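What follows is one chain in structure tokens, specifically the form deposited in one PDB entry.
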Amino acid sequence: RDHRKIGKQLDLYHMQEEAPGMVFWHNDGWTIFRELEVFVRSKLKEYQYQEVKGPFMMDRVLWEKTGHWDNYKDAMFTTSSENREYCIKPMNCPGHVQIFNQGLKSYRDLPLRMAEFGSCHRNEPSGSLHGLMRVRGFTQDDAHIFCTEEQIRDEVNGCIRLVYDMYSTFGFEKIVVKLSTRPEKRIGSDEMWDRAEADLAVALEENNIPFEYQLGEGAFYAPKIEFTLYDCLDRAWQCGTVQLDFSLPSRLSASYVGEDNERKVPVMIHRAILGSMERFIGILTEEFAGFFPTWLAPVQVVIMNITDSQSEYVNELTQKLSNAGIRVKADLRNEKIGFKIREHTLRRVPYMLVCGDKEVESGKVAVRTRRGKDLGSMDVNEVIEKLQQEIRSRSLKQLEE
């Protein structure tokens, strides 16, 4: 049930000592990563988010405004070019405000939701690395919301609704929520920290979410709501995070023209639902034990022949299935039929299509699943329509179960 074993077991990814804590995404594993992007982007469109991309390193002088350099430079990778030092970004927060700073902003642009699949890098000790859970290079479904102090309620509520919306897709309904308060090493005034912590607390009571305080576990600049999901083994996994920031936008000279035609500093809301997408894939790998849902399966359908007589028929079906948007692979090897089914069952392919000579009239296929179920013969167009409903709805369970 170990994702490292399943990942090697399913051709998902690999790692080696030349790049410690960094993922070599294979074709099958990268398909799952891209499928998660499509799912996230569908939510971004639904929740009216922009999608941007920032540069991969920046001047240390910029990281100096934020105080990020003071707290965690030891965790930061560094490079120099023409007597200037640059830091490979561990977070997308200052990159997003720079985009916000371009062009004069007004209150009519707020709330401004800006998201990015930012690939970050943190210099973690090699002894702390373990599979996809703890890595040096990871990708966040990061987003930062710029809004006025009157829009704080509505925007934080939208982030909370998004957390439960996406977690329910993967079947994670046991969620533990914690409020991380101020740490001993922080920046910002006491009264700022009071308002930010209270606002996060109020947002949770409005949505009727029980939670407990976690003293000293917040960021040095913002308190954060931490979402923890429980898998089918009742194991805690901390993925979600919503922070309320009144500090950084002021430090990075971010401003907008208000309703009263005056200088105001915008409130920034950090959010990340899945957290590290490499980590989230590892959670999904262990949660399903490699039995990914059909919409996430690297190979969704495998069509196999019994003899060479159906090799022409199988290739036609493989092309027809591929044209319908289904990830389908053809198994034309000269191996016994029980041998083929066992191999692809171990590959956790959701459906296996069997084509004998009895199939060659009928325009039909013998369907069997990775669970060992037999579904019998009927229409190829019917299975296409049956399947397409399954991927488009991102259903957790398969056909006839």
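All residue numbers are counted from 1 along the displayed sequence. Heads up, when I say rigid core I mean the largest set of C-alphas that superpose within 1.5 Å between the two forms.
A summary of the deposited B-factors shows that, of 227-235 and 121-129, the stretch with the larger mean C-alpha value is 121-129. Between 82-90 and 139-147, the higher mean Cα B-factor belongs to 82-90. Taking only the listed residues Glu51, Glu343, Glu361, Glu35, the entry reports the highest CA temperature factor at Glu361. Note on the listed residues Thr369, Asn334, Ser42, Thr31: the highest Cα temperature factor in the record is that of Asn334. Looking at the C-alpha B-factors along this chain, the one for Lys329 belongs to the middle third.
The PDB entry assigns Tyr313 a C-alpha temperature factor belonging to the highest third of its chain's modelled residues.
Split the chain's modelled residues into thirds by C-alpha temperature factor. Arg108 is in the middle one. Among all modelled residues in this chain, the alpha-carbon of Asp245 has a temperature factor (C-alpha) in the middle third.
When all modelled residues of the chain are sorted by CA temperature factor, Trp69 is found within the highest third.
A second form of this protein, the form deposited in another entry, is not displayed here; the remarks below concern that form.
Superposing the rigid core between this form and the one not shown leaves a single residue from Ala289, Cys232, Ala75, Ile187 with a C-alpha shift of at least 2 Å: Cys232.
Between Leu396 and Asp231, the Cα distance is greater in that other deposited form than in this structure, by no less than 3 angstroms.
Relative to this form, the distance between the C-alpha atoms of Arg134 and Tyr230 is reduced by at least 3 angstroms in that other deposited form.
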